[PDB]
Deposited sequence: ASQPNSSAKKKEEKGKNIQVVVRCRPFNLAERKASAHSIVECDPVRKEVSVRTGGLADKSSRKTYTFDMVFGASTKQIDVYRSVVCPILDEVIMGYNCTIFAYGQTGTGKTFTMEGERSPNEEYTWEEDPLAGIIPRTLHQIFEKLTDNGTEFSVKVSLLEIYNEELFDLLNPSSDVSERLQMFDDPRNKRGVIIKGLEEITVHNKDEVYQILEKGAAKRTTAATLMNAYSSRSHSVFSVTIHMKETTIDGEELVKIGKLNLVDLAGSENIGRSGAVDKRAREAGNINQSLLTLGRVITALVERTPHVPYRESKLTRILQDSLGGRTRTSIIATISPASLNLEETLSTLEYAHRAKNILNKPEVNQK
């Protein structure tokens, strides 16, 4: 039930000049990804995996958004909760996929930049879709991050990255949690989106100077909650609440990342039908337990590299993402 898609990134500039051969091949029409394990394009051994969707190196940000995000956003707009994880080794495109980047030399505006990823596209699109049809709504975003099992708020502009947040069990709705002090910022309109993201980027820079390899070891959960009051052309007012969680996971390569370790164990217990699922052994899995065998529709995007130097990690990533397909939720 949990949908898993794989995204291979293209070779970089240093890999083009070194005339690198790709050990990965994608077949989108067949939802298949094949990896060269033995060696030689003349004769070789290979490993194949089938997923729900596979995107090769030529896949652009707009292809990812239209194919995977648009339908998930529709569901969120219907009043459901959805979560999208980005899993893969550092350098394979987790952040590029979830957030995207700016094209160099101020070539475009943020809302037209083709390098934009899921988060900016999603936020710009929520306003583009609800502003049209008569729907009163409010958008709240939150950015919670985890480093060495400590919680941080990367959007609060009056607290620094040395102030960790506290987490408690929610006595109201079971298997849910309360994060003391997590700031929820209201996004009044599309033109307010970009600076919110800029502020987050800037605060992440300070977190990076204070914590070792922060961008590689931290987990980031960017949540966008949409409170809606849709009035059809008749006079029916549908009050709906939808929440989308965009999770950029810590690099999967192999000191100890308790949340990453626990995520793997939670998935293993879920697909092996084990009665006890270790949700509580890490903050990530407690915060997102409804996304792992719960009532939230979730998808995983496994990012990989086509370079032969990353063979072991690419296989580990694919193998991990393949097992995830067997998780059932809702």
Counting from 1 along the deposited sequence, which stretches were left out of the model? 1-16, 271-285, 362-367
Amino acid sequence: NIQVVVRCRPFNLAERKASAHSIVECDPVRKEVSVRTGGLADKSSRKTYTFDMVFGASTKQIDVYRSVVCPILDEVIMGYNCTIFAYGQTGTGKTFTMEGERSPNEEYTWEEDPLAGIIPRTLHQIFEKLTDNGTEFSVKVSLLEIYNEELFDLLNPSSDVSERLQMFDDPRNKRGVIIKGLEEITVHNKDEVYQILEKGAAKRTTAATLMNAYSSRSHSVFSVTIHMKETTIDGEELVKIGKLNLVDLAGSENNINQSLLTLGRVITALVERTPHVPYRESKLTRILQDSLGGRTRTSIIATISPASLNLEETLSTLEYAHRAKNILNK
From here on, numbers count along this sequence of modelled residues.
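Rigid core (definition): largest C-alpha set, two forms, superposition within 1.5 Å.
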Returned stretch for higher CA RMS in 7 other deposited structures of this protein, core superposition, given 268-276 and 44-52, is 268-276
Greatest C-alpha divergence in 7 other deposited structures of this protein once each structure is fitted on the rigid core, 300-308 or 282-290: 282-290
Taking the other compared entries of this protein, do a third or more of them lack coordinates for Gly235? yes
Quick check on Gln89: across the other compared entries (only those modelling residues on both sides), is it unmodelled in a third or more? no
So, looking at the entry's B-factor column for Cα atoms, which has the higher mean, 63-71 or 261-269? 63-71
May I ask you to compare 305-313 and 21-29 by their mean CA B factor in the entry and name the higher one? 21-29
Quick one: which of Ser45, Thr298, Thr50, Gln289 shows the highest Cα temperature factor in the PDB entry? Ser45
For the listed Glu184, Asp153, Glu149, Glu99, which has the peak Cα B-factor recorded in the PDB entry? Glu184
How does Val5 rank on Cα B-factor within its chain, lowest, middle or highest third? lowest
If you rank every modelled residue in this chain by C-alpha B factor, which third holds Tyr87: lowest, middle or highest? lowest
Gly93: CA B-factor among chain residues, third -> lowest
When the modelled residues of the chain are sorted by Cα temperature factor, does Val277 land in the lowest, middle or highest third? middle
Taking the values exactly as deposited, rank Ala208 by C-alpha B-factor within its chain and report the matching third: lowest, middle or highest. lowest
